[PDB]
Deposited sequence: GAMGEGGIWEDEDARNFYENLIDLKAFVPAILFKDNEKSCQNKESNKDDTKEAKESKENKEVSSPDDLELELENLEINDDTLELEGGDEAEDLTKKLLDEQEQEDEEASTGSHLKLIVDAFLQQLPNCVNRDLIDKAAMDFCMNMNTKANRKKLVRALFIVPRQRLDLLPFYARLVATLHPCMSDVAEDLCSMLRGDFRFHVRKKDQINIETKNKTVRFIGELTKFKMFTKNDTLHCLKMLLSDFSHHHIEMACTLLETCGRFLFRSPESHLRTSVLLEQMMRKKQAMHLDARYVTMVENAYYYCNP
């Protein structure tokens, strides 16, 4: 049993089969989202189409349930699919605000639902999310933005848009320099998709090794109490 509920099994595994359809100090989030937002802002059957796409993107933040987000996918796939439009979608998905963590699972569902008939949405978003992750792992920018990036990767992992091996590499990078911001990013990552990784047979053994290395490290490396407790809680959350 990989999932807790039956709602979870269905939210992550029962997607609408779209392939049945027609072939048709700084003023910042992070620097990555600011740069992406400015690319979006810079820019007549296409002026009508642009209009309906800008409507569509501006409505995404309201698709707060399973039925609403699946509809959005059908709407996009049937009236708006266009190289230029796929790039705008990817970029609107990537600049999700940190204050709407609740969107991440729906945004991941959209991406995974589109993937079988326009994979490049997944490819671009993942590539963007990977690069921002690398950036966060190198610096020391508010922990709350970093946690948005890591949560989004987690949701995408549960949908298999990131492979187990991808996200395990993320975790391994954070365990190499096990410092304050990296410990939290790690614990956020494991809260989001650690059980998926631990329970899945393909990833179980490597997750477990890494979980035990984190526990070994809280004692061994004398972290201050707050992070000792953080690591423990993420551990017992995956491996109770």
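Comparing the deposited sequence with the modelled residues, the stretches lacking C-alpha coordinates are 1-6, 31-80, 85-86, 102-108, 206-207.
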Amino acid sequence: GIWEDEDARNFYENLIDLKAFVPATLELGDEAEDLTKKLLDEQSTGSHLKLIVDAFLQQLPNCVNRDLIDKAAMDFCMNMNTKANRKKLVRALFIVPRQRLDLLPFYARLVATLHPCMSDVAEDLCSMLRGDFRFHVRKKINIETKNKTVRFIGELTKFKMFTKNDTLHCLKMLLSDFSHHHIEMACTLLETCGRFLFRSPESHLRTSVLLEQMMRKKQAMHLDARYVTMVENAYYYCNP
From here on, numbers count along this sequence of modelled residues.
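When the mean C-alpha temperature factors of 46-54 and 176-184 are read from the deposited coordinates, 46-54 comes out higher. Taking the mean C-alpha B-factor of each stretch as recorded, 69-77 and 124-132 are not equal, and the higher mean is that of 69-77. Of all the options 60, 40, 214, 189, the entry's greatest CA B-factor is assigned to 40.
Ranked against the other modelled residues of its chain, the C-alpha B-factor of residue 108 as given in the entry falls in the lowest third. Sort the modelled residues of the chain by CA B factor and residue 155 lands in the lowest third. When all modelled residues of the chain are sorted by CA temperature factor, residue 92 is found within the middle third. In the PDB entry, residue 164 places in the lowest third of its chain by CA B-factor.
In the PDB entry, a CA B factor belonging to the highest third of its chain's modelled residues is recorded for residue 2.
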